Amino acid sequence: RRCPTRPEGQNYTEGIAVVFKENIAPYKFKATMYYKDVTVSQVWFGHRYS
Amino acid sequence: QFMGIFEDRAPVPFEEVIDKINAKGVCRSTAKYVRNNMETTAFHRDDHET
């Protein structure tokens with residue numbers, strides 16, 4: 001019979017790769033908060049206590 | 001100067017949700033509710049009910 005022949009084989013392309021995934025990390029930066037704590041306290045002064 | 005700002009959230013009663021808001025599309029200008037085991041009423045602009 002006619003014997004089978006081996007396949008030539010896949011032709012591979014050597015190269016260098018970079019794989020990127022979807023970005024989920026939030027964008028971060030430095031901010032500065034300026035504010036003023038305004039505290040108004042109303043105190044009733046009793047005979048012995050406040 | 002503000003010496004205090006008491007901010008509260010009162011519920012709208014059933015008889016106002018159905019009779020006023022759902023029926024006429026309007027809301028009363030007075031908030032009558034129960035807070036801290038007490039009947040408390042607030043009038044908008046310290047005026048009459050509208």
# chains A, B, ... in the order shown; residues from 1 in each chain; ligands from 1
>>> interface_residues(of="chain B", to="chain A", cutoff="10 Å", atoms="only C-alpha atoms", output="count of residues only")
4
>>> atom_distance(atom1="CA of residue 30 in chain B", atom2="CA of residue 11 in chain B")
11.5 Å
>>> residues_around(residues="residue 35 in chain B", least_positions_apart="4", cutoff="10 Å", atoms="only C-alpha atoms", output="PyMOL selection string")
chain B and resi 8-10+39-41
>>> select_by_dssp(residues="chain B", states="helix (DSSP H, G or I)", output="list in words")
residues 14, 15, 16, 17, 18, 19, 20, 21, 22, 44, 45 and 46 of chain B
>>> atom_distance(atom1="CA of residue 47 in chain B", atom2="CA of residue 26 in chain B")
17.1 Å
>>> atom_distance(atom1="CA of residue 16 in chain B", atom2="CA of residue 28 in chain B")
7.6 Å
